[PDB]
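Heads up: the structure comes next, in structure tokens.
In mature numbering (1 follows the signal peptide of the UniProt record, and there is no 0), the protein residues as written are 42 to 73.
What follows is the structure, given as structure tokens:
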């Protein structure tokens with residue numbers, strides 16, 4: 042989608058990582 046959210050373990054294709062925001066959670070901002 043087009044909304045940032047904390048990815049578990051790692052973000053998936055389409056999402057851009059922007060740091061971390063939780064235990065084993067990283068900031069993911071998808072553009073699709």
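Beta carbons: idealized from backbone N, C-alpha and C, even for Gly.
#### Entry: Contact check, residue 67 vs residue 55, beta carbons under 8 Å
Contact flag unset, no.
### Query
When DSSP labels each residue in this structure, what does residue 44 get in the three-state scheme?
Note: residue 44 maps to coil in three-state DSSP.
### Task
Following the continuous beta strand (DSSP E) through residue 50, name the residue where it begins and the one where it ends.
Run containing residue 50: none; DSSP gives neither H nor E here.
### Query
Looking at C-alpha atoms only, which residue of 50, 73, 44 and 46 is the closest neighbour of residue 64?
Residue 64 has its Cα closest to that of 50, out of 50, 73, 44 and 46.
### Task
Apply the 10 Å Cβ neighbour rule to residue 69 and answer buried if 16 or more other Cβ atoms are within range, or exposed otherwise.
By the neighbour-count rule (16 or more Cβ atoms within 10 Å), residue 69 is buried.
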